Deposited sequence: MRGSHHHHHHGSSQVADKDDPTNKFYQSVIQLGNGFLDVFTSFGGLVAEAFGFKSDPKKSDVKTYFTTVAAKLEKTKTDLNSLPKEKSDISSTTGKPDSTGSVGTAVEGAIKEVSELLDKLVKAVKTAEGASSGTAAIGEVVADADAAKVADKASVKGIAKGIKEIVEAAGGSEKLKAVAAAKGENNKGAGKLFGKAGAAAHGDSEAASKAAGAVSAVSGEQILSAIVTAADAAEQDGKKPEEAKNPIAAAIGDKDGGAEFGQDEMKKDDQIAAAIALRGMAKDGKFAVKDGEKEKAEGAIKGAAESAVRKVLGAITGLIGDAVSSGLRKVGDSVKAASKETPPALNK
């Protein structure tokens, strides 16, 4: 099912509900692998217990994410009507993040290209305008949507994953306008007063912006707002970003999990 796996994942117009499906499907594969492992029969038995516990931690971790993936709208939902705009559901945002943190820790955490590269450059801070209100006094527009896509293009999936993991550990995880948010979780949930560019130094950076974007796109009630007469002009760009942001994060989770399991199964393979 290599082509079926690609048809899904790179599908057109992916939904926030596809995110839930992704985790459930992952849980399923993890559960089956755990059954096949515990159905083989000293040191070997010890390697089976450890790998089994690992599998358990992952399933519980993805299920936290799964239960948090309660959205139904497009991952790249774009609103131009002042009434359509909303604050992202905080329980979905924080839960998705915590699930991701649990997944990453269960398999490790600080790993791979977790950084070791210039992460500075407030070039895309303008992506914050998409996190505010819509319609009349809205700032969201064509150029800001390009900023959001640029921020996402400038970072790998691992980096966006790491930014979410760190965010989940922050203490100020409640929604805040673009000008005040200090972590991607607070930026993704958002505030009712809306706002323009990301003003804090903690944000502004590409991996943080890309994280705010991916979390918002995956969470329930998370939508992107633009000024009227801008939807058709900026829709495509923000939609592409949210979708790429999510595809990058989930693909990295897939790679991380895939390796955690392999090295575990290889471990028992030795002894």
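In this chain the deposited sequence has gaps in the coordinates at 1-43, 85-104, 335-348, listed in sequence order.
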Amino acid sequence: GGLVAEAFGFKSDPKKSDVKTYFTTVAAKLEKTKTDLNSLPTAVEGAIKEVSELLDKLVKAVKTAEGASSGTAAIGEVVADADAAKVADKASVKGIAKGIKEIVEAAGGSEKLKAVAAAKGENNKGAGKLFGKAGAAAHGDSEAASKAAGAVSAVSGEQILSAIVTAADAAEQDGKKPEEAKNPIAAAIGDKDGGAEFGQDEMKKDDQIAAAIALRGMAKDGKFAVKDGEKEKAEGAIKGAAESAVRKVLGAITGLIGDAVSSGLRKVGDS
From here on, numbers count along this sequence of modelled residues.
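Mean C-alpha B-factor is higher over 54-62 than over the other stretch, the pair under comparison being 240-248 and 54-62. Annotation for 119-127 versus 67-75: the higher mean temperature factor (C-alpha) is found in 119-127. Which of 184, 108, 99, 190 has the largest Cα B-factor in the deposited entry comes down to 108. The residue among 209, 47, 218, 28 whose C-alpha carries the highest B-factor in the deposited model is 47.
The PDB entry assigns residue 37 a C-alpha temperature factor belonging to the highest third of its chain's modelled residues.
Among all modelled residues in its chain, residue 95 ranks in the lowest third by Cα B-factor.
Among the modelled residues of its chain, residue 195 has a C-alpha B-factor that falls in the highest third, as given in the PDB entry. When the modelled residues of the chain are ordered by C-alpha B-factor, residue 150 sits in the lowest third. In the deposited entry, the Cα temperature factor of residue 103 sits in the middle third of values across the chain's modelled residues.
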